[PDB]
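We give structure tokens for two forms of one protein chain below, kept apart as structure 1 and structure 2.
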Structure 1
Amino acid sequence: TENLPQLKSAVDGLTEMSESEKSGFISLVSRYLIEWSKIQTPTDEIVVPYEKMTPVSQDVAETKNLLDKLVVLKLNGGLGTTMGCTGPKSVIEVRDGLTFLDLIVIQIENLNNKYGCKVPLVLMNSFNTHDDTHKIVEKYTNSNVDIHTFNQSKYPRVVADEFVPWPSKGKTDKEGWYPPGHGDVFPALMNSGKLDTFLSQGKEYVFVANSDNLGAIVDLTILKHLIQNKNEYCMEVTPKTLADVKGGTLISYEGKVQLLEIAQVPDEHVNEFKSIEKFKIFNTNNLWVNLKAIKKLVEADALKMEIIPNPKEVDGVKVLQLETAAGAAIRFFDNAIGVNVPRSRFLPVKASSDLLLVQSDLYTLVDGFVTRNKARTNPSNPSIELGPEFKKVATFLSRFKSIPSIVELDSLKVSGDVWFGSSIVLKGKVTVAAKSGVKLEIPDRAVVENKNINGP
């Protein structure tokens, strides 16, 4: 529906929304209420190859000067629900009993203890993760890193049929609201005052990343490039692969580079994105942004990102949750670029199949970094697919007495009730399928190479 003044009225009726939230929400709604025959590929001048960038000098002074201007920030608004875990997704243990946050903290600690810098870490969480995060972060109280947190905007989900805020019908508990996407990082950094708290200290850029992307580590070649070339925004993209279905690509449109996402794509064109031909790059959501520019553009209300409707059905009630993507803000910044980086900077962990990959001998932890085995000569990881039986992390761990060796694996598909013993080795293309009513136990020490195991 589209009665806007009617919508504003109800929004102001919702007392728990702060004034700044009511405003930002109404602006989104207002704007809510793609000539494919023009889409272009960005030139190499706009999307710079990382290998062409100049590394820092041997004098640590240059490193300290750059680090003294930096603030690191992570995206932590999500829960561990997909992987059968309660709490923030960042607090799931990924490698060696260390959580995603623990590894990110170690990494920055290693930076601060290494260079004598005091780069601060900022966590942007959601109401669906704030208090739990608040509790966990205290563990790092004496760590050599200042951990800052803040909550991004809390907006009312909108009932789609009648177009009114769900809280107005009385859905005022947690399921009545939602965080408006990571694009909200810009106004929320302002609303939180952290931006002004960092500007009063000297920071100039924020490195933004998904909390569950293990490949998102600080890269000095990239930070250097933005400083010397005055790039106010840099989006790390990676070559698009068959695995990259759900996400965005960077495109040139109207002579500027911009994120292209599914809502903007005409019906008769959805598989071309999926292709490996038309679009050859894919956003990793590792974003580098200039802080003064964020302040300037948020206060001027310039960040007009495309809306992502994300519809859901809760308790039966079909609702709409309008959101935005951080990468879509790239078209509003000056001298903005994409940098095409190797997939080692893009290791998302979204299912227990990814944990199998990261807990196996394909990787090891090195000073807080999940480091790929170099004995793996072929860059690509093995494709791993596990049935629902492996969905909950605890059940996944119960089903692998030890994580099997997969350095020599091309692909593993597991289905049905399957339990694995310790010290197993898997090579090539492997499948294990237990039929209904059957439980399959892979004994300890088994070597499975290019085999289809369909029963005892």
Structure 2
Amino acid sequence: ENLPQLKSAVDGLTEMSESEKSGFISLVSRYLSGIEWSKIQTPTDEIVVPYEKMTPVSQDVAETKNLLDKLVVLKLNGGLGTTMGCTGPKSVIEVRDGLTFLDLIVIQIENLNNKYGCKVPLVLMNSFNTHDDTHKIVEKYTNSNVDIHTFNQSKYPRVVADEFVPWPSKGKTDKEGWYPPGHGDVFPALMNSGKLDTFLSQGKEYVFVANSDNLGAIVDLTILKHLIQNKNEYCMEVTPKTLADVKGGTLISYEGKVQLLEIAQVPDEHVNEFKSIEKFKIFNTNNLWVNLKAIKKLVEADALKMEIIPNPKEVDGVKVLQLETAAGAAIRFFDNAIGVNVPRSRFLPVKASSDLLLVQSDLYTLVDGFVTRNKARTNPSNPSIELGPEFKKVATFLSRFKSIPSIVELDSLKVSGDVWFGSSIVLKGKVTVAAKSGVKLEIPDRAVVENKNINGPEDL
């Protein structure tokens, strides 16, 4: 019903830039305008390329140099660590040995250029929640041998659902009036920066995208080599789905084209089949490799048309809407868009404290910018972890562990209630811990908990 209304309401927002104001239009335009089930299809291997079948690079550093010369390293740096009870960027948390996500990031790129002499650039995509703080943090890399760029993605106004007008217009101009429109915004933002054009002219042809908290997102020269062979404009790293990845976004062939399918395309009556991992086998790591010229072309041609992720939220009793999109969703707009199915050692992200237990234990070590998995670990799978809200805030997490217990032998751990952990504890097989009503527990140092379901102090 009409359109200039919401338009003038936004154009009056002095904050937003010209590249941000009209943009919020496509999303509002479409969302207000409008993937059918009976047409879905499972892609072939021709679409999803077996990692282990690709040609690796030779030892000839000249070849490595050539490839590493066309690559840029971008990190989505738009996200706070609020989910883990921590203030600051998600990447400023400490992974292992006092080093933060942004800290190892600047480390690994340096070791790749150190070993090959090239100078692969680091470009962090920020947002209003992490931009200025990042700019301040990165000064720590003043003498580092990497040119780290940063840019602020688009800022969009949340929408108050009822009246459906921009919230800042009603005067909500503080930080609560705005919302990071999803990571799908990585493409028009990289271009809105003016940095891609730069990179393009600089011999740069591809960009490897990954979450700032996926420790496995390391540059794979092989994947890059391949892209230049088949001339793939888009390449998504995917991996086999596990029980921890049921509702995850997968890859499908829809109307003869590759496409990501999130829970934002499947009806209620179909979620069951959707969640059937026997039907859909792999998921999206977000590890994405994208040809640069192809980006510019599609952004300058106002081509991208990602499915709007509605996303409603309540704020101070005000029900609002954050219109967002996903990056993996750009895969359909790219020529010879593929995806590569790789080992899970490339999808090691930190989403909660339960993952910090993992990477901070004996199951892993830091070896020259590399969250190295202990080879002693027999089973190929990592132990599952189930800590309660008592362990959600990293600060409390660390304190509830005088030292991180060995888990290299661990198969599973259940942890609920007011539980504390001494030092040099060892965990094997299946293990449970839980205090009772108004009860508190504290597992003593040197404890070797082996196949137990701790339900009370009455359990040594």
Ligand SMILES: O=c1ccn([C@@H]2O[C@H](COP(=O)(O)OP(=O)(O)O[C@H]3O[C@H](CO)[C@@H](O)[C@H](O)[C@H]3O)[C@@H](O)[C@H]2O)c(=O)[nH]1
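Residues that one form lacks are left out of the comparison. Just so we're on the same page, rigid core means the largest C-alpha set that superposes within 1.5 Å between forms. Residue positions are counted from 1 along structure 1's sequence.
Remark: structure 1 matches the stated condition (the form deposited with the named molecule bound). Taking the core as reference between structures 1 and 2, the lone member of 256, 274, 148, 130 whose Cα moves by 2 Å or more is 274. Core-superposed comparison between structures 1 and 2: CA of residue 245 displaced by 2 Å or more.
Per-residue C-alpha deviation between structures 1 and 2, core superposed: residue 179, 2.0 Å. Core-superposed comparison between structures 1 and 2: residue 227 shows a Cα shift of 0.7 Å.
Fitting the two forms on their rigid core shows CA movement of 2 Å or more between structures 1 and 2 over runs of at least three residues at 2-4, 245-247, 271-275.
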